[PDB]
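Report on one structure; see the data block that follows.
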Amino acid sequence: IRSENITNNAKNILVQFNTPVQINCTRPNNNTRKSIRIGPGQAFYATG
Amino acid sequence: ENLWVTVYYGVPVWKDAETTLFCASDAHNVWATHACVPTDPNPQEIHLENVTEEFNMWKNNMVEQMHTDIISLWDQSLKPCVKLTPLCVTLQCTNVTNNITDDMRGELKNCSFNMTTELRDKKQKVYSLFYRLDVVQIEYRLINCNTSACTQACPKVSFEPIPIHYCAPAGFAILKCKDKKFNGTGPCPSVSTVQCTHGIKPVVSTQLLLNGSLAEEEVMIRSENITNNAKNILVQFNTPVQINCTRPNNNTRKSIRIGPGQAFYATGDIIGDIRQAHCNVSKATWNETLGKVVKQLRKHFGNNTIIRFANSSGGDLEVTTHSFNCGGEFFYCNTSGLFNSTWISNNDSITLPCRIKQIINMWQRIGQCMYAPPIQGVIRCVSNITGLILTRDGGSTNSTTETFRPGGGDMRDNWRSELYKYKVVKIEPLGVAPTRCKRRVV
Amino acid sequence: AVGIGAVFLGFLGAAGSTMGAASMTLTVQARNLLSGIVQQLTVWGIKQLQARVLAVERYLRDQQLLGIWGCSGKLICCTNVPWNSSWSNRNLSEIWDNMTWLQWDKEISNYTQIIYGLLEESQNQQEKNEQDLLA
Amino acid sequence: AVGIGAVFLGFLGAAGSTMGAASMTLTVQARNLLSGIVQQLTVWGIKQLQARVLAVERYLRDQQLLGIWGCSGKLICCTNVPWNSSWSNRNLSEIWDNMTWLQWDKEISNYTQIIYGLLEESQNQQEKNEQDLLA
Amino acid sequence: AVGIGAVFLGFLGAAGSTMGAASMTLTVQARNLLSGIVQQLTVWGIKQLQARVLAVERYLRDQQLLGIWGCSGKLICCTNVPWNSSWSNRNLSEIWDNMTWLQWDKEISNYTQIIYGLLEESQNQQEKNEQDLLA
Amino acid sequence: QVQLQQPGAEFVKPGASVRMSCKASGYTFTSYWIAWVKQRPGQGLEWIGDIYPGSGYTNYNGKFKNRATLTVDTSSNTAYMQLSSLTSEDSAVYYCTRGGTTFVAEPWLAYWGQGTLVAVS
Amino acid sequence: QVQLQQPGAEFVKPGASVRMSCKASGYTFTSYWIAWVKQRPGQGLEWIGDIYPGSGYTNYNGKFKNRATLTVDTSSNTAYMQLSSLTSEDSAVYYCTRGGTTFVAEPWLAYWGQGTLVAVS
Amino acid sequence: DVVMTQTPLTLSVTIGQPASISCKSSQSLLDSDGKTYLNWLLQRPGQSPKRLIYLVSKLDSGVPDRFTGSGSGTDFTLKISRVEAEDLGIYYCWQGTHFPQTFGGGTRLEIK
Ligand SMILES: *[C@@H]1O[C@H](CO)[C@@H](O[C@@H]2O[C@H](CO)[C@@H](O[C@@H]3O[C@H](CO)[C@@H](O)[C@H](O[C@H]4O[C@H](CO)[C@@H](O)[C@H](O)[C@@H]4O)[C@@H]3O)[C@H](O)[C@H]2NC(C)=O)[C@H](O)[C@H]1NC(C)=O
Ligand SMILES: *[C@@H]1O[C@H](CO)[C@@H](O[C@@H]2O[C@H](CO)[C@@H](O[C@@H]3O[C@H](CO)[C@@H](O)[C@H](O)[C@@H]3O)[C@H](O)[C@H]2NC(C)=O)[C@H](O)[C@H]1NC(C)=O
Ligand SMILES: *[C@@H]1O[C@H](CO)[C@@H](O[C@@H]2O[C@H](CO)[C@@H](O[C@@H]3O[C@H](CO)[C@@H](O)[C@H](O)[C@@H]3O)[C@H](O)[C@H]2NC(C)=O)[C@H](O)[C@H]1NC(C)=O
Ligand SMILES: *[C@@H]1O[C@H](CO)[C@@H](O[C@@H]2O[C@H](CO)[C@@H](O[C@@H]3O[C@H](CO)[C@@H](O)[C@H](O)[C@@H]3O)[C@H](O)[C@H]2NC(C)=O)[C@H](O)[C@H]1NC(C)=O
Ligand SMILES: *[C@@H]1O[C@H](CO)[C@@H](O[C@@H]2O[C@H](CO)[C@@H](O[C@@H]3O[C@H](CO)[C@@H](O)[C@H](O)[C@@H]3O)[C@H](O)[C@H]2NC(C)=O)[C@H](O)[C@H]1NC(C)=O
Ligand SMILES: *[C@@H]1O[C@H](CO)[C@@H](O[C@@H]2O[C@H](CO)[C@@H](O[C@@H]3O[C@H](CO)[C@@H](O)[C@H](O)[C@@H]3O)[C@H](O)[C@H]2NC(C)=O)[C@H](O)[C@H]1NC(C)=O
Ligand SMILES: *[C@@H]1O[C@H](CO)[C@@H](O[C@@H]2O[C@H](CO)[C@@H](O)[C@H](O)[C@H]2NC(C)=O)[C@H](O)[C@H]1NC(C)=O
Ligand SMILES: *[C@@H]1O[C@H](CO)[C@@H](O[C@@H]2O[C@H](CO)[C@@H](O)[C@H](O)[C@H]2NC(C)=O)[C@H](O)[C@H]1NC(C)=O
Ligand SMILES: *[C@@H]1O[C@H](CO)[C@@H](O[C@@H]2O[C@H](CO)[C@@H](O)[C@H](O)[C@H]2NC(C)=O)[C@H](O)[C@H]1NC(C)=O
Ligand SMILES: *[C@@H]1O[C@H](CO)[C@@H](O)[C@H](O)[C@H]1NC(C)=O
Ligand SMILES: *[C@@H]1O[C@H](CO)[C@@H](O)[C@H](O)[C@H]1NC(C)=O
Ligand SMILES: *[C@@H]1O[C@H](CO)[C@@H](O)[C@H](O)[C@H]1NC(C)=O
Ligand SMILES: *[C@@H]1O[C@H](CO)[C@@H](O)[C@H](O)[C@H]1NC(C)=O
Ligand SMILES: *[C@@H]1O[C@H](CO)[C@@H](O)[C@H](O)[C@H]1NC(C)=O
Ligand SMILES: *[C@@H]1O[C@H](CO)[C@@H](O)[C@H](O)[C@H]1NC(C)=O
Ligand SMILES: *[C@@H]1O[C@H](CO)[C@@H](O)[C@H](O)[C@H]1NC(C)=O
Ligand SMILES: *[C@@H]1O[C@H](CO)[C@@H](O)[C@H](O)[C@H]1NC(C)=O
Ligand SMILES: *[C@@H]1O[C@H](CO)[C@@H](O)[C@H](O)[C@H]1NC(C)=O
Ligand SMILES: *[C@@H]1O[C@H](CO)[C@@H](O)[C@H](O)[C@H]1NC(C)=O
Ligand SMILES: *[C@@H]1O[C@H](CO)[C@@H](O)[C@H](O)[C@H]1NC(C)=O
Ligand SMILES: *[C@@H]1O[C@H](CO)[C@@H](O)[C@H](O)[C@H]1NC(C)=O
Ligand SMILES: *[C@@H]1O[C@H](CO)[C@@H](O)[C@H](O)[C@H]1NC(C)=O
Ligand SMILES: *[C@@H]1O[C@H](CO)[C@@H](O)[C@H](O)[C@H]1NC(C)=O
Ligand SMILES: *[C@@H]1O[C@H](CO)[C@@H](O)[C@H](O)[C@H]1NC(C)=O
Ligand SMILES: *[C@@H]1O[C@H](CO)[C@@H](O)[C@H](O)[C@H]1NC(C)=O
Ligand SMILES: *[C@@H]1O[C@H](CO)[C@@H](O)[C@H](O)[C@H]1NC(C)=O
């Protein structure tokens, strides 16, 4: 627990673990990308 | 009696190292810009005898350094003038039929468009004449519209070639060979060193070298692996062959305001006749020049082989045709007449139908472009042909009746004909020598 | 007799002469390591700074290197360190007056760090002996 | 016996050893003041130039400073300057072989300019006597 | 008697005094060639780098120049080279204690390269003689 | 107790590599020298190399022309050695022995371990 | 044969300039020294200057206060001299003589040519 | 470098007799500090190497009375009064002053 003045609540407390805890994150949607030309040699990519 | 070591400082030593060079120009522009430090007119060249050095053509970093350097200058010079974003409006175009020669029928396309004026809340109808190689049917739109729009060449900053001197920093030296039989790579027994190279014109071309530095005595065929047809063959002549190029049209320039303090220059209305641009080269001189090239070339191939010549092998207009930037107006020219001959063992000009493309795509970096505004009146050109950049055709059977065609077009090869002599080396002043030394102990 | 093997043979001119005759031309070589860019935007602005700093840095590395060896301030200086004779079993006349310097460095380039690995040890050892005599 | 208090203790390695044992490790310290960036856009372009120039400038200030004192070219050099004994009333054995150098510089950091204020005056004097003997 | 012709006359302060009295003020002059910009975007970023590099480069040119002459490490050093008397037919008392240094350099600025053209030749010649005695 | 743990035995293949570890325990690893020793049954002991578990300075025997790369870890108190890519005739046992201090250096060869059987086949 | 070709005669005007060439043939031009000599009919030979067709180093007579600029070309084996802008009383013939090597220097004045008549009028 | 040779290649001894073994150095090993760091180690047949004498005048821990190290300069010797199964082995004389820290050539003690 690495922290400067601890009795002071105004400053954050930084905690570093010793054994990693695995985290899984995923996006379930099967999104597709559409390319739309906006100008000369300038393209914008949209969703859906 | 047993010898000891001695420290020697400054003794001549060379190590093959390459770094960033420096620019120097002789007494606005695009190349010099009055920024490079002037070079004193005493290029002290010193001959080193009893020495031989190795030169690696096609591996010199000077070629790479110059190629990236001028591109930076091109981008630097294009930033401060008007962009041409609002010129991609629809073009309702029409043919030109007022005193048109049959050879150029339909080339120029009179066009009209609703391009905006300086005031943001008002429009204007403006008509201009565009070449066929600048518009495409959808009725018409500019060739570069679907690609990134490009700026307009700042009218004032001409692109006329200016010799540029390259000088290495302190602690480095540049060595140049002087043997007249120098090949692409090999020892030269006439090594010499100079702090700055002679004037190098960055003039551009794809097929015929223009305003290059001619050879010393005889035509030289400088090439790395020659049995391999995949790599270009570079030829340097010994006597220049005069080339004439001219634009017969008496063009006029119209200035159209696009926005606040931003003006665009268009073409037309043309005055006079409509004649195709043409270049001229003496017939007698070219035949003699080609005869000399084959004579030296025959020393590297079979003597009884029937050497033939032919035009390029097709492809894009950028590499298929000869290119140059005389007078600030670009020309793409068909050179089929300079290679229509056959050579067996043992009238004053050629008409070359040329072409013009105002919209210019520079080095094959596709994200860039620029506009070439017209120039009033006719334009005349007088240049020197100093060599060719040929390519070897494959599929040869038994190596008989070999033929070559012009090609390549990479900008690096053009400078290689000028930087083949010069290489950059590093000085290693420190050294140790064994002799009988006894330091004076205190 | 105005023609004597001397400076006017040119910068790097001694590279074609024998090692013995090249000793007198060691002053024309140290002078051309700093100057040449005395007289004077991104292009050619950073390049000038990069080239100038590199030239200054390169020269300093040698000046520092000669400083540790104790030979600084003397263009031609030697210490008392012996060398392993196996490196070059050649006579003085067989080294100085019969072969050029350019190919000489190539043969001995293998032991450049090793020979340097003895110079600084002796110089510090010399200082320690002076300290002992000093005390 | 390959393990001797020497260079292979590492750059800055002598900082934990006594002052006397740290004298032989003064050569590994001067070598790491220039190199390290030999091998090579705004970000990291100007920064490289700023770092290189500062490193070159810093080393110069010491090389110049040793030049005025007359100790240039000798890694361990000394002059005939006596010092006010009040600064440190300690014996040689009580300084070199019983305490580390790191805390030493802290105590006498107060008189760093004063002790420097005597070195250059004597060196200029020593030149003046040589001029008198010279003449 | 605290007032002695010395450093406290100020940087460049000896420029108004005679040449003889200016010899003792040569230490305040070498100190003000590097410092002054120790403490620290295009404007004033490149300018700071250009100024710093030029100051470092200028000082090194003199340090290298003194190194070739063999006078490096000594603020006041002189070689054994004689000089053509025609340049200045004046006595020692007629040069040092009766005229300022500022107008002095103007008169002999013509032969600055010529007088330099003899210093390095003697220094290399001195080293060669040492090499002969050395061998 | 001052112990130098070593792997039991490693069976490698020609053209492969090995990770010859040597654990340090029961003492301070940042001071004592570490050296390797060969114990060919039919030949006498041979000096292989030496690694200084501090500055990282490495020294190699003249006969080896720097065929090995020596690495150490001050966090886990371990030492490692590369061969690199030895051959058949060099199939024997190597001992990771602890040296003395860089100042005194008299207690060299104070302690040993058990070694590891390297048999490339 | 070692020959130093020179122009026959040049007639110049006051305020003009001259290009005093000296061709080198039948030998190696990168080593031998080159010097110029005056042969006033009513006066003895005078030393004019010396150019090294090598490093490009130039030396000038004390009486000339550097009134001349000397240039050489190692490609065409030629030497050139500027006066610069001489006057009437200096109207005479100059000889471009070949010197010895920088090392030996004994064969000085080995060979001469024919000279060129400079008559400014 | 300084080689380490030992005269006895084979030493036939019965239990209860005095054994003699010696070693040589090409160059004197007297270090500047004034000590000889030579080590006499008896490598067991298959076990980890174990030193027996360090600083030949001095002796290691677990002192065996029979072993008595002696010698200086060029000559080094180790006298054993009585022979035991432990004595049967290979002895190595290791120099500790020059580079490399070469070991001994090896003297074998076997019963025939
Ligand atoms: C190969 O080298 C030759 C040798 O110079 C070179 O010929 C040169 O062409 C240029 C371009 O035409 C000539 O200069 C031009 O001359 C015309 C007629 O006098 C002028 O009208 C031109 O002025 C325009 O360009 C200026 C900028 O350059 C503008 O500031 C001005 O407003 C005009 O727009 C221009 O000065 C030049 O005289 C010849 N040189 C010779 C010796 O004849 C040839 O172009 C080179 N080859 C290639 C491919 O470039
Ligand atoms: C293209 O090639 C022709 C040759 O076919 C070149 O003509 C040559 O130009 C040079 C100068 O560039 C002439 O040399 C000059 O001669 C004058 C005296 O007339 C002299 O005062 C100069 O100092 C210089 O030496 C040369 O005589 C001339 N040759 C011919 C036959 O006309 C032309 O320069 C080339 N142009 C380019 C752009 O490469
Ligand atoms: C470059 O220019 C050359 C000529 O300068 C062009 O070649 C020419 O192509 C035309 C079209 O095919 C040829 O005309 C036709 O030739 C055939 C041949 O059988 C004939 O039957 C037809 O009646 C018609 O005449 C023309 O002959 C030919 N020129 C020559 C000299 O052979 C070439 O197409 C041009 N290339 C580019 C990319 O511009
Ligand atoms: C390049 O190599 C040639 C090899 O022939 C050198 O030629 C020789 O050069 C020397 C001096 O330059 C000539 O003189 C000799 O000098 C020595 C030493 O003073 C003396 O002992 C000899 O008796 C002789 O006079 C020599 O005659 C000449 N020819 C030889 C050696 O066959 C040339 O000098 C070299 N040049 C350079 C710049 O290295
Ligand atoms: C870190 O501090 C410890 C403090 O104990 C040092 O331990 C001492 O280290 C020395 C040499 O490293 C040992 O040997 C001694 O050497 C002197 C001078 O040669 C000698 O006169 C003594 O008789 C002794 O042999 C010493 O035994 C050892 N223990 C002590 C002093 O109690 C350690 O050396 C220091 N390490 C570093 C890197 O500073
Ligand atoms: C500026 O110029 C004036 C010119 O009058 C100098 O005045 C002179 O200054 C000196 C010393 O500063 C005075 O003392 C003299 O010293 C010499 C050498 O120790 C001694 O031999 C003389 O007997 C005399 O005591 C001198 O009286 C005074 N007046 C004169 C020369 O007429 C002044 O010193 C100069 N200041 C600077 C900073 O150059
Ligand atoms: C290039 O060469 C062609 C071919 O000779 C020239 O064409 C001539 O043009 C004139 C008109 O100016 C006609 O009277 C001739 O009849 C044409 N010649 C032929 C053979 O038909 C052309 O003028 C030349 N152009 C340049 C710039 O030299
Ligand atoms: C190329 O164009 C030039 C100019 O239009 C023609 O005229 C020559 O011009 C040069 C000067 O640049 C003179 O030295 C020549 O004497 C001129 N020649 C003639 C015949 O008048 C030149 O003839 C043209 N050459 C070709 C091959 O088309
Ligand atoms: C190279 O020249 C040949 C001449 O034989 C050209 O071949 C003709 O090309 C045109 C169109 O380019 C065709 O209409 C003809 O049918 C072709 N005829 C023959 C016999 O091939 C060729 O096109 C030219 N190519 C280039 C790139 O210049
Ligand atoms: C913060 O630090 C000060 C002294 O550093 C201490 O007196 C105080 O108790 C700490 N906590 C708070 C909340 O101030
Ligand atoms: C314009 O020229 C093109 C060129 O081929 C032709 O196809 C078209 O029919 C022409 N149109 C008119 C109206 O002349
Ligand atoms: C320009 O504006 C006029 C007026 O509305 C219109 O008739 C014409 O079609 C427009 N042209 C284009 C190319 O949009
Ligand atoms: C733009 O249009 C031209 C017309 O054919 C086509 O060749 C080119 O590939 C197009 N480029 C892009 C980026 O769509
Ligand atoms: C030059 O290089 C080529 C290619 O390696 C080689 O065949 C030739 O012999 C070399 N020398 C000459 C004079 O061409
Ligand atoms: C290319 O070079 C190699 C060796 O450099 C040579 O063997 C070969 O014949 C050359 N030609 C081709 C086509 O590979
Ligand atoms: C182009 O068309 C416009 C509109 O009719 C006309 O005014 C102009 O004269 C034409 N230009 C040419 C060169 O035919
Ligand atoms: C060119 O040279 C060839 C070689 O024989 C010859 O056949 C041809 O007729 C020549 N052409 C001209 C126009 O001189
Ligand atoms: C071709 O002929 C020339 C002489 O005309 C000769 O030197 C050369 O060797 C010949 N070529 C071949 C491949 O033999
Ligand atoms: C080459 O020129 C001749 C001359 O009449 C012509 O018949 C032939 O078609 C031309 N060939 C090419 C490919 O240009
Ligand atoms: C083009 O035509 C205009 C019309 O007046 C004329 O003034 C000009 O001189 C012509 N340009 C040329 C090169 O003939
Ligand atoms: C001989 O070489 C060895 C290393 O191979 C080196 O340790 C020794 O110092 C050398 N001999 C001399 C006299 O320097
Ligand atoms: C020097 O080293 C190179 C490669 O490191 C080797 O090929 C050469 O034989 C060596 N030369 C000597 C004299 O050791
Ligand atoms: C003692 O200190 C004074 C300043 O407090 C100083 O002037 C004097 O020189 C010192 N003594 C010695 C011997 O340096
Ligand atoms: C050194 O200076 C600091 C502050 O300037 C002071 O606290 C300390 O007591 C001084 N030490 C000595 C020994 O004068
Ligand atoms: C006198 O001046 C000449 C040059 O004019 C020079 O060569 C000579 O060395 C000078 N005398 C002395 C003694 O330096
Ligand atoms: C020094 O040179 C200048 C111009 O170069 C000249 O006017 C002046 O008379 C010269 N002075 C001497 C003493 O030679």
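We label chains A, B, ... in the order they appear in the structure tokens, count residues from 1 in each chain, and number ligands from 1 in the order shown.
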
Write down as a PyMOL selection string the residues belonging to region 33-81 of chain C that are assigned alpha helix (DSSP H) by DSSP computed on the backbone. chain C and resi 46-69

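Based on only C-alpha atoms and all ligand atoms, the protein and nucleic acid residues found within 7 Å of ligand 24 are, by chain and then by number, residues 107, 108 and 110 of chain D.
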
If the cut-off is 12 Å, can you tell me the residues of chain D near chain B, counting only C-alpha atoms? I'd like them as a PyMOL selection string.
chain D and resi 39-41

| message | Would you pick out the contacts of residue 108 (chain G) at 9 Å or less, using only C-alpha atoms, so that residues sharing its chain but fewer than 6 positions from it are not included, and give the list as an MDAnalysis selection string? | response | (chainID C and resid 1) or (chainID G and resid 33 97:101)

- prompt: Residues at most 12 Å from ligand 26, using only C-alpha atoms and all ligand atoms? Could they come as a PyMOL selection string?
  reply: (chain E and resi 86-89+104-112) or (chain G and resi 65-66)

Write a file of the selected residues as a compact mmCIF listing (two decimals), in the first residue's frame, keeping N, CA, C and O atoms.
```txt
# COMPACT_ATOMS: atom_id res chain seq x y z
N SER E 86 60.95 41.96 -38.39
CA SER E 86 60.37 43.04 -39.18
C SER E 86 58.92 43.33 -38.80
O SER E 86 58.43 44.43 -39.07
N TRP E 87 58.23 42.37 -38.19
CA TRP E 87 56.82 42.57 -37.86
C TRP E 87 56.64 43.70 -36.85
O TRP E 87 55.70 44.50 -36.97
N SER E 88 57.51 43.78 -35.85
CA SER E 88 57.41 44.83 -34.83
C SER E 88 58.80 45.07 -34.25
O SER E 88 59.26 44.28 -33.41
N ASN E 89 59.44 46.15 -34.68
CA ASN E 89 60.75 46.54 -34.15
C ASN E 89 60.55 47.41 -32.91
O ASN E 89 60.72 48.63 -32.92
N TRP E 104 46.82 46.87 -30.17
CA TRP E 104 47.94 46.01 -30.54
C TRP E 104 47.51 44.99 -31.59
O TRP E 104 48.13 44.89 -32.65
N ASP E 105 46.44 44.24 -31.31
CA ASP E 105 46.04 43.17 -32.21
C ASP E 105 45.74 43.69 -33.61
O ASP E 105 45.90 42.96 -34.60
N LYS E 106 45.31 44.95 -33.72
CA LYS E 106 45.00 45.51 -35.04
C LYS E 106 46.24 45.57 -35.92
O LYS E 106 46.18 45.24 -37.11
N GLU E 107 47.37 45.99 -35.35
CA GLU E 107 48.58 46.17 -36.15
C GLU E 107 49.11 44.84 -36.68
O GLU E 107 49.51 44.75 -37.85
N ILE E 108 49.12 43.80 -35.84
CA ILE E 108 49.70 42.51 -36.22
C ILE E 108 48.64 41.51 -36.67
O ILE E 108 48.96 40.33 -36.87
N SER E 109 47.39 41.94 -36.87
CA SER E 109 46.38 41.03 -37.39
C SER E 109 46.72 40.52 -38.78
O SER E 109 46.20 39.48 -39.19
N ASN E 110 47.58 41.24 -39.52
CA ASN E 110 47.92 40.81 -40.87
C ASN E 110 48.65 39.47 -40.86
O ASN E 110 48.41 38.62 -41.73
N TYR E 111 49.54 39.26 -39.89
CA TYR E 111 50.38 38.07 -39.84
C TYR E 111 49.86 37.03 -38.85
O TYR E 111 50.63 36.18 -38.40
N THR E 112 48.57 37.07 -38.51
CA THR E 112 48.03 36.10 -37.57
C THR E 112 48.14 34.68 -38.12
O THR E 112 48.49 33.75 -37.38
N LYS G 65 53.20 40.02 -53.29
CA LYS G 65 52.10 40.29 -52.37
C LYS G 65 50.81 39.60 -52.81
O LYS G 65 49.71 40.13 -52.62
N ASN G 66 50.94 38.40 -53.39
CA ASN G 66 49.80 37.62 -53.86
C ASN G 66 48.99 38.40 -54.90
O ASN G 66 47.80 38.66 -54.74
```

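Considering only C-alpha atoms and all ligand atoms, the residues that reside within 12 Å of ligand 15 can be listed as residues 223, 224, 225, 226, 227, 228, 229, 230, 231, 392 and 394 of chain B.
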
- Task: Find the residues of chain H in contact range of chain D, meaning any atom within 8 Å when counting only C-alpha atoms, and list them as a PyMOL selection string.
- Result: chain H and resi 37+96-101

Handout entry: Residues flagged strand (DSSP E) by DSSP in chain A, as a list in words
Key = residues 33, 34, 35, 36, 37, 38, 39, 42, 43, 44, 45, 46 and 47 of chain A

Exercise for review: Could you please extract the residues within 12 Å of ligand 3, counting only C-alpha atoms and all ligand atoms, and hand them back as a PyMOL selection string?
Suggested key: chain B and resi 103+278+310-322+332-341+350-355

Would you put the residues from that selection into a file with C-alpha atoms, as a tab-separated table (two decimals), in the first residue's frame?
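So the final result, stored in out03.tsv, reads:
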```tsv
chain	number	residue	atom	x	y	z
B	103	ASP	CA	-4.09	14.95	-84.85
B	278	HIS	CA	6.63	18.09	-80.68
B	310	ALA	CA	11.84	-1.26	-79.48
B	311	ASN	CA	9.55	1.10	-77.60
B	312	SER	CA	8.51	0.55	-73.99
B	313	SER	CA	6.50	-2.49	-72.90
B	314	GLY	CA	3.35	-0.50	-72.09
B	315	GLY	CA	1.86	0.38	-68.74
B	316	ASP	CA	0.91	3.58	-66.95
B	317	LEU	CA	1.51	6.93	-68.63
B	318	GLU	CA	3.92	7.95	-65.87
B	319	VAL	CA	6.50	5.28	-66.76
B	320	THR	CA	5.52	4.46	-70.36
B	321	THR	CA	6.51	7.86	-71.81
B	322	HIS	CA	9.36	10.33	-71.54
B	332	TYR	CA	4.64	13.35	-71.50
B	333	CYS	CA	6.08	12.29	-74.84
B	334	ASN	CA	5.91	9.11	-76.92
B	335	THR	CA	9.42	8.05	-77.96
B	336	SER	CA	8.62	5.16	-80.31
B	337	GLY	CA	10.66	6.83	-83.06
B	338	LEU	CA	13.99	6.76	-81.22
B	339	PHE	CA	14.11	2.95	-80.92
B	340	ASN	CA	12.79	1.72	-84.30
B	341	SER	CA	15.95	0.16	-85.72
B	350	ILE	CA	12.54	13.37	-85.83
B	351	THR	CA	8.99	14.44	-85.00
B	352	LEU	CA	8.01	13.14	-81.56
B	353	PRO	CA	4.27	13.54	-80.81
B	354	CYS	CA	4.27	14.82	-77.24
B	355	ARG	CA	1.52	15.15	-74.63
```

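Separating CA of residue 117 (chain B) from CA of residue 263 (chain B) is a distance of 9.6 Å.
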